[PDB]
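Each chain, written out:
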Amino acid sequence: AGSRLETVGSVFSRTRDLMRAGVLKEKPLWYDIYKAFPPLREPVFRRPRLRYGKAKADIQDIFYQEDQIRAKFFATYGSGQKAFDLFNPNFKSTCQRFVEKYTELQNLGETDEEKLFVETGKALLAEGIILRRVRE
Amino acid sequence: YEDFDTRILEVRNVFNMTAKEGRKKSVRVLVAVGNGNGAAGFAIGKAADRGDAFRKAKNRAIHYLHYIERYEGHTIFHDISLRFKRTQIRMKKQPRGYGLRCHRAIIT
Amino acid sequence: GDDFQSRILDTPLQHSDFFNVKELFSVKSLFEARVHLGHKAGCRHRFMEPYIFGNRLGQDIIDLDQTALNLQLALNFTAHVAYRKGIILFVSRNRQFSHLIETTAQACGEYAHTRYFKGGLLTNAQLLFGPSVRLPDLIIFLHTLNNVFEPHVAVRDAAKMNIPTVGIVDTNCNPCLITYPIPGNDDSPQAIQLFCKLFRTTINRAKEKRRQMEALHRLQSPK
Amino acid sequence: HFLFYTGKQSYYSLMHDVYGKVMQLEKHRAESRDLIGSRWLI
Amino acid sequence: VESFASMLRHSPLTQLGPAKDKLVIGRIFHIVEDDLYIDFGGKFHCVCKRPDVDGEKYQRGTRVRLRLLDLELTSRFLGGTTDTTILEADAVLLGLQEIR
Ligand SMILES: [Mg+2]
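Summary of the structure given here. Within each chain the numbering goes from 1 in written sequence order, not necessarily matching the entry, and residues lacking coordinates are not shown. Think of it this way: whatever chain is written first is A, whatever ligand is written first is 1, and the rest follow in order. In this view the chains form part of a larger assembly, and all numbers refer to the visible part. Side-chain metrics in this entry use all non-hydrogen atoms of the structure; hydrogen atoms and water are not considered.

**Section: the sheet that holds strand β4 (residues 88-91) of chain C**
Residues and elements named next belong to chain C.
Reasoning step 1: Strand pairing is assigned whenever DSSP identifies at least 2 bridges connecting the two strands. Secondary structure elements follow DSSP: runs of H or I of four or more residues count as helices, runs of E of two or more count as strands, with numbering from the N terminus. Read across the open sheet, the five strands follow the order β5-β4-β6-β7-β8; overall the sheet is parallel. Every interior strand has two partners, whereas the edge strands, β5 (111-113) and β8 (180-183), have only one. Each neighbouring strand pair of the sheet contributes to a mean axis angle of 20°, computed without reference to strand direction.
Reasoning step 2: Alignment of strand β6 (residues 138-141) against strand β7 (residues 165-169), held across three bridges, turns out to be parallel. Each bridged residue has a counterpart across the sheet, and for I140 the counterpart in β7 is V166.
Reasoning step 3: Contacts are assigned to residue pairs that have any heavy atoms within 4.5 Å of one another. Only the contacting stretch of a helix is used when fitting its axis, a line to C-alpha atoms as for every element, and angles between N-to-C directions run 0 to 180 degrees. Of the strands in this sheet, β4, β6, β7 and β8 are in contact with helix α3 (residues 64-83), which crosses β8 at around 140°.

Below, the structure written as structure tokens:
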């Protein structure tokens, strides 16, 4: 004898009811644990529905301010000929060094984007990084 | 489950056409169970014999026990209006001594 | 006598983190294992949007702050269940991680079902296994979807039997019926290996604590 | 047995061992006809 | 303790930007016949074919070079409510990485 109705209430509420009913004489061992440390949300059934009309989701597109700089770098020089290593947690790519220098110049007070892009290219050239302005 | 009582709500003789037997008959029984103390459930049992359909529904319904909240143990907490498919139900909370004034099935 | 049994079973519930599961993981540790990587926006479930930090160029990112909070609760619940000698069943249908998940269950001392799930396993347990079969007290769903991209049958069937479920839910899954959802990446080997380690260390700590708690209280009875 | 709830604890316990053996051989790295005139058990 | 927001901003995957036609380093973790399963640091691995040249060199653990295309191959089809995903990434194997 139980409550095999998984669309009404939750395992805890249905277990609470079966004990009040008089059918379940011994508490389950997991019951008191749930009472003291319940989940953040109650596990109740909800039927998924489609959005209709003008309803829209609430997910923020993740765009940092560096992306404006990174977008220009990829369009002008492409991806650095050195290969990305996504296993090194502290990897510094050719593009990320460009963005670090572009930021440094911008802190000095340069306001023109054209000035910051050609000056950063010169600084990396002095560093020795091989930047190819590949229009192709 | 001696504290639970079972009541029949419908007994129907449905038919399925089969090539071997032509018209074949099954007994579809709808039953409800309850302990008279807030816990109740229902199920449908189908079989070729009525006695078997009674057992199937009776033991199946004990697995679907709702717990119904009673105000002071004698009435619902508030008026309840709902439509289930094309059936409309309008329940009303009443004082003591009013008795059950409902569809015979609802009384059961 | 009776006091000692009450002490063993009732004292653990008077502390917020009796087993100190907080130390096992950290937001940084989860980020190393790529637990914040979700499916593309097209594959998103509507009930997962609460847990999604955002969309990084089409790929949903899972907030690792909600994951840390939820994971703390799920590990805490899994430890108290293990402490009280409950049966824990690991369930997954991902075949890349089938051997790892079966190896974890064996290490913990618990049970794993990573194979084709027979209809009625829990709703018809007596017929399938025998009259007095004891069902699991907790089911941990490392994967909540089967290989046809549908909810694992045991999610609905475990609710029907009123069994709590600790499940790893990704951005394309349905967490509504999971008692303790853990939002996180379910596809990457580094994420699954981290979760398997956490559940195994947690379960072993809870079992060890029970032995120590019993020895201390038992010794007091003569002493 | 940890695979009790699978319903075929002994079939899957055997398939667990043979899959683990295969992984160690594949990770770690002659004629295979060590036995002849033999059949797989029915 | 660094916040998750900080970790994501400075993450190598966040720096990569769009993953189309980017160059990345992968590692072979599983080989089935002439099919190489390569982990390039993303959510899903890619599966490439063993090159004819230096085929014996591509063994498990070998670090290689790749040109990413998609991090996950997904597409909604006629009458579908969700995107169908094959749980796999798309990349073009370019060759072994020089250890240097
Ligand atoms: Mg996934």
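Moving on from the model shown.
**A short note on the interface of chain B and chain A**
A common way to report how large an interface is uses the accessible area buried once the components associate.
Reasoning step 1: Contacts between the two partners involve 11 residues from chain B, matched on the other side by nine residues from chain A.
Reasoning step 2: A combined buried area of about 1,000 Å² lies between chain B and chain A, and 56% of that area is made up of carbon and sulfur atoms.
Reasoning step 3: Here the quantity called buried area is the accessible surface, traced with a 1.4 Å probe, that two parts lose on coming together, added over both. The largest contributions to the chain B side of the interface with chain A come from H63, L65 and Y67 of chain B, which together make up 51% of the buried area.
Reasoning step 4: One speaks of a salt bridge when a side-chain nitrogen belonging to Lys or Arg is within 4 Å of a carboxyl oxygen belonging to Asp or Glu. Our count for the chain B to chain A interface comes out at one salt bridge.
Reasoning step 5: In this structure, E69 of chain B engages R20 of chain A in a salt bridge whose closest nitrogen and oxygen atoms are separated by 3.0 Å.
Reasoning step 6: Pairs of N or O atoms within 3.5 Å make up the polar contacts considered here, provided that, within protein, one atom can donate a hydrogen while the other can accept it, and that residues adjacent in sequence are counted only when both atoms are side-chain atoms. Across the contact surface, chain B and chain A share seven residue pairs in polar contact.

**Overview of the interface of chain C and chain A**
Reasoning step 1: Counting from both sides, the interface comprises 42 residues of chain C and, opposite them, 37 residues of chain A.
Reasoning step 2: With both chains or domains summed, chain C and chain A bury close to 3,400 Å², and 61% of this area falls on carbon and sulfur atoms.
Reasoning step 3: Where chain C meets chain A, there are three salt bridges.
Reasoning step 4: A salt bridge links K160 of chain C to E6 of chain A; the nearest nitrogen and oxygen atoms lie 3.3 Å apart.
Reasoning step 5: Looking at the side of chain C that touches chain A, the elements that each hand over two or more residues are β2 (52-56), α3 and α6 (153-160) of chain C.
Reasoning step 6: Broken down by element, the side of chain C that touches chain A gets its largest block of residues, seven residues, from α3 of chain C.
Reasoning step 7: Each residue gets one of three labels, nonpolar for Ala, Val, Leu, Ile, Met, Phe, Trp, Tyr, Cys and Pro, charged for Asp, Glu, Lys and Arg, and polar for the others, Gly among them. Classifying every residue of the side of chain C that touches chain A gives 19 nonpolar, 13 polar and 10 charged.

**Quick word on the packing of aromatic side chains**
Reasoning step 1: What counts as a ring pair is set by centres within 6.5 Å for rings of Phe, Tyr and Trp (its six-membered ring), and what kind of pair is set by the plane angle: stacked under 30 degrees, edge-to-face over 60, tilted for all other angles. Scanning all chains against the criterion turns up 26 aromatic pairs over all chains.
Reasoning step 2: Ring centres 6.0 Å apart and planes at 80° place the aromatic pair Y71 of chain B and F77 of chain B in the edge-to-face group.
Reasoning step 3: Buried means the residue's accessible area, taken with a 1.4 Å probe over protein chains only, is under 20% of the maximum for its type, while exposed means over 50%, and partly exposed covers the values in between. On the basis of relative accessibility, which here comes to 30%, the residue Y71 of chain B falls in the partly exposed class.
Reasoning step 4: Owing to a relative accessible area of 45%, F77 of chain B belongs among the partly exposed residues under this scheme.
Reasoning step 5: Among the aromatic side chains, those forming a connected cluster through ring pairs are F12, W30, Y31 and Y34 of chain A together with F77 and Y180 of chain C.
Reasoning step 6: We call a charge positioned above a ring when the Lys NZ or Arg CZ atom is no farther than 6 Å from the ring centre and deviates by at most 35 degrees from the ring normal. Lying over the aromatic face of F74 of chain A, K22 of chain E brings its terminal NZ or CZ to 3.8 Å of the ring centre.
Reasoning step 7: Its end group placed over the ring of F87 of chain A, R27 of chain E keeps NZ or CZ at 4.0 Å from the ring centre.

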